[PDB]
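Everything below concerns the one structure shown next.
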Amino acid sequence: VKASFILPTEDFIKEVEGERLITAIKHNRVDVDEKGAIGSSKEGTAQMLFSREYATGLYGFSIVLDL
RNA sequence: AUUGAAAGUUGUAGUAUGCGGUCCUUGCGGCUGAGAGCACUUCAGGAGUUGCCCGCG
């Protein structure tokens, strides 16, 4: 089984050319204290703030099966 | 079947929690659509005319 890379189609890129089409979003993992506190790490970060990037577009694929 | 062959950059994670666009406020006071004004002035229902005609309780 041969699998190629997943690339967005070239006409879509040519038409769009601009715009990031990549959105960076922040998620927080909550670790509260024993009774009700958010912990001694302060609320500058809730407990932690990590970041994730999400893409968007029309992609092309090609798969070969030599069964 | 190519220095290629086997291969997750993988798994778990809430920007969340409480926070009144709030309390007081006259569209308010005074103000003649009023005073003057002939549906008035001239005017015949008017001029002609046999209850008509015959009569033995």
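Letters A, B, ... go to the chains of the structure tokens in the order shown; residues in each chain start at 1; ligands are counted from 1 in the same order.
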Compile the residues of chain A that lie within 12 Å of chain B, evaluated using only C-alpha atoms (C1' of nucleotides), and express the compilation as a PyMOL selection string.
chain A and resi 25-32+36-38+43-52
Among chain A, which ones does DSSP assign to alpha helix (DSSP H) (computed from the backbone)? Answer as a ChimeraX atom specification.
/A:10-16
If you run DSSP on the backbone, which residues of chain A are strand (DSSP E or B), as a VMD selection string?
chain A and resid 2 to 3 7 to 8 22 to 28 49 to 55 59 to 60 63 to 64
Would you mind exporting N, CA and C atoms of the selected residues as a JSON list (two decimals), in the first residue's frame?
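Writing the result to result.json gives the following:
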[["chain", "number", "residue", "atom", "x", "y", "z"],
["A", 2, "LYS", "N", 0.68, 2.11, -0.98],
["A", 2, "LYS", "CA", 1.44, 3.35, -1.11],
["A", 2, "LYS", "C", 0.51, 4.53, -0.87],
["A", 3, "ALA", "N", 0.89, 5.40, 0.05],
["A", 3, "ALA", "CA", 0.11, 6.59, 0.38],
["A", 3, "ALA", "C", 0.97, 7.82, 0.14],
["A", 7, "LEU", "N", -2.03, 17.14, 0.02],
["A", 7, "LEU", "CA", -1.80, 18.54, -0.31],
["A", 7, "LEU", "C", -3.10, 19.21, -0.73],
["A", 8, "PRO", "N", -3.32, 20.46, -0.35],
["A", 8, "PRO", "CA", -4.47, 21.19, -0.89],
["A", 8, "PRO", "C", -4.33, 21.39, -2.40],
["A", 22, "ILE", "N", -5.23, 29.49, 8.82],
["A", 22, "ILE", "CA", -4.70, 28.76, 9.96],
["A", 22, "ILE", "C", -5.11, 29.54, 11.20],
["A", 23, "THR", "N", -5.89, 28.91, 12.07],
["A", 23, "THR", "CA", -6.39, 29.56, 13.27],
["A", 23, "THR", "C", -5.71, 28.98, 14.50],
["A", 24, "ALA", "N", -5.12, 29.85, 15.32],
["A", 24, "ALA", "CA", -4.46, 29.44, 16.55],
["A", 24, "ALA", "C", -5.40, 29.69, 17.72],
["A", 25, "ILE", "N", -5.70, 28.64, 18.48],
["A", 25, "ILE", "CA", -6.63, 28.72, 19.59],
["A", 25, "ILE", "C", -5.93, 28.21, 20.85],
["A", 26, "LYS", "N", -6.26, 28.83, 21.98],
["A", 26, "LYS", "CA", -5.67, 28.50, 23.26],
["A", 26, "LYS", "C", -6.65, 27.70, 24.10],
["A", 27, "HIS", "N", -6.15, 26.62, 24.70],
["A", 27, "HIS", "CA", -6.92, 25.77, 25.59],
["A", 27, "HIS", "C", -6.23, 25.74, 26.95],
["A", 28, "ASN", "N", -7.03, 25.65, 28.01],
["A", 28, "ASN", "CA", -6.51, 25.61, 29.37],
["A", 28, "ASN", "C", -6.92, 24.30, 30.03],
["A", 49, "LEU", "N", -1.94, 27.22, 29.91],
["A", 49, "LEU", "CA", -2.51, 27.64, 28.63],
["A", 49, "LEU", "C", -1.62, 27.13, 27.50],
["A", 50, "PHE", "N", -2.09, 26.09, 26.81],
["A", 50, "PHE", "CA", -1.39, 25.61, 25.64],
["A", 50, "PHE", "C", -2.14, 26.03, 24.37],
["A", 51, "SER", "N", -1.45, 25.93, 23.24],
["A", 51, "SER", "CA", -1.96, 26.45, 21.98],
["A", 51, "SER", "C", -2.02, 25.34, 20.94],
["A", 52, "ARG", "N", -3.03, 25.40, 20.08],
["A", 52, "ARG", "CA", -3.22, 24.44, 19.01],
["A", 52, "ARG", "C", -3.63, 25.17, 17.74],
["A", 53, "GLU", "N", -3.10, 24.72, 16.61],
["A", 53, "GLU", "CA", -3.40, 25.32, 15.32],
["A", 53, "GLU", "C", -4.34, 24.42, 14.53],
["A", 54, "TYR", "N", -5.32, 25.04, 13.87],
["A", 54, "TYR", "CA", -6.30, 24.32, 13.07],
["A", 54, "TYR", "C", -6.29, 24.87, 11.65],
["A", 55, "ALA", "N", -6.34, 23.97, 10.68],
["A", 55, "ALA", "CA", -6.29, 24.32, 9.27],
["A", 55, "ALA", "C", -7.66, 24.16, 8.63],
["A", 59, "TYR", "N", -8.35, 19.49, 0.04],
["A", 59, "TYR", "CA", -7.11, 18.75, -0.15],
["A", 59, "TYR", "C", -7.29, 17.66, -1.20],
["A", 60, "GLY", "N", -6.17, 17.27, -1.80],
["A", 60, "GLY", "CA", -6.13, 16.19, -2.78],
["A", 60, "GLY", "C", -5.36, 15.00, -2.23],
["A", 63, "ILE", "N", -4.04, 7.20, -3.33],
["A", 63, "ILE", "CA", -3.69, 5.98, -2.61],
["A", 63, "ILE", "C", -3.60, 4.84, -3.62],
["A", 64, "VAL", "N", -2.59, 3.99, -3.47],
["A", 64, "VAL", "CA", -2.36, 2.86, -4.36],
["A", 64, "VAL", "C", -2.38, 1.58, -3.54]]
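Take atom CA of residue 65 of chain A and atom CA of residue 4 of chain A: the distance between them is 11.8 Å.
Of the residues under consideration (A:9, A:17, A:1, A:35), A:9 shows the shortest atom-to-atom contact distance to residue 57 of chain A when counting only C-alpha atoms.
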